[PDB]
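As structure tokens, one chain now follows by itself in the form deposited in one PDB entry.
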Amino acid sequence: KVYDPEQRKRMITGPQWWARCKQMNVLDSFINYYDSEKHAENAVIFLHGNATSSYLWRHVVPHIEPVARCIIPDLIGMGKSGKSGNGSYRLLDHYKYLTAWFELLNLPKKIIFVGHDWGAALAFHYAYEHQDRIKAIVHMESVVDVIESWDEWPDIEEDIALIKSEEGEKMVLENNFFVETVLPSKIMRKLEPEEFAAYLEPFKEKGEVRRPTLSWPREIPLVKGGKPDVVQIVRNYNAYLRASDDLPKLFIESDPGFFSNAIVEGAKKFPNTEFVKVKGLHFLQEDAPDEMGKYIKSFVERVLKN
């Protein structure tokens, strides 16, 4: 919880990132998303996870832009994007808004996905339902498979049990559990003040606006007590990824990481995976952004040459 900073004046503040992002009407709401536009023959879509937004990739994507068009959305109800029409933020709602947003970008026939946390789950489900439209998948700290046991996982069993209970709604909707504590705790360095302000801005008020950060962990695919529909989704796409011999993949392990130790064994039963690793915990983008970007850039280059 201690932490100390690094180097400051290459910073991208919140408003600095948002003044570079675009917006677009999707279904009965709107999506905010960064777009590099150039080299539109390929599209790399960056999908953040819980407690974060597109801001998370701000220092990662400058490496991949000279070779492909990179689009990075704020998921619905998060970041600068609009809210979901019915106010619910389960996995399939994010999937609905995201797949509707996909139609309006004039994407290529094959898309590369760079997913983190639950964005990796969105990319995996979209790949399972559109198996031919995937050129490559890069994932990290991902929802790789269902959770049968807590052995190699971080000590979060009681945390998850409390979140799934009625305790979660005063844990996060009022005291902002995932933004005020989890997010700084899972970053190796101390975030500069405006960097944390950018993350807190969408959820700086108590109430239902922080609901997307409560519903994401309630989706966790445990075989015991987890939402049966989400466990079915994860089983399906995990089997598909295990069978995807022709799909190039890149796994960016985090050292020591957060989920990486518990998920590498599974992320690993997927063929055609190039394994790299960078220093960091969960939100590895704030610890090793340039190295991660160089890895993704060389991976995309090698995918595009064959």
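Each residue number is its position in the shown sequence, starting from 1. Rigid core here is just the name for the largest C-alpha set that superposes within 1.5 Å across the two forms. Only residues modelled in both forms are compared.
Undergrad: Averaging CA B factors per stretch from the PDB record, which one is higher: 119-127 or 167-175?
TA: Comparing averages over the C-alpha atoms only gives 167-175.
Undergrad: Report the stretch with the higher mean CA temperature factor, choosing between 264-272 and 54-62 on the basis of the entry.
TA: It is 264-272.
Undergrad: Among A243, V44, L250, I31, which residue carries the highest C-alpha B-factor recorded in the PDB entry?
TA: Out of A243, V44, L250, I31, the record gives the largest C-alpha B-factor to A243.
Undergrad: Highest Cα B-factor in the deposition, which of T181, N106, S142, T213?
TA: It is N106.
Undergrad: Looking at the C-alpha B-factor of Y89, is it in the lowest, middle or highest third of its chain?
TA: For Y89, whose C-alpha B-factor we compare with every modelled residue in the chain, the answer is the highest third.
Undergrad: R189: which third of its chain by C-alpha temperature factor?
TA: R189: CA B-factor falls in the lowest third of its chain.
Undergrad: Is the Cα B-factor recorded for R10 in the lowest, middle or highest third of its chain?
TA: Top third by C-alpha B-factor.
Undergrad: Going by the entry, which third of its chain does the Cα temperature factor of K294 land in?
TA: It falls in the top third of the chain.
Undergrad: Among the chain's modelled residues, which third holds the C-alpha B-factor of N236?
TA: Middle third by C-alpha B-factor.
The protein also exists as the form deposited in another entry; that form is not presented, and the subsequent description refers to it.
Undergrad: After superposing on the rigid core, which residue among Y95, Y128, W153, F196 shows a C-alpha displacement of 2 Å or more between this form and the one not shown?
TA: Residue with a C-alpha shift of 2 Å or more: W153.
Undergrad: Align both forms on the core first, then report whether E6 has a C-alpha shift of 2 Å or more between this form and the one not shown.
TA: Yes, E6 moves 2 Å or more.
Undergrad: Which stretches of at least three consecutive residues shift by 2 Å or more at every Cα between this form and the one not shown, once the core is superposed?
TA: After superposing the rigid core, the shifted stretches between this form and the one not shown are 1-7, 148-161.
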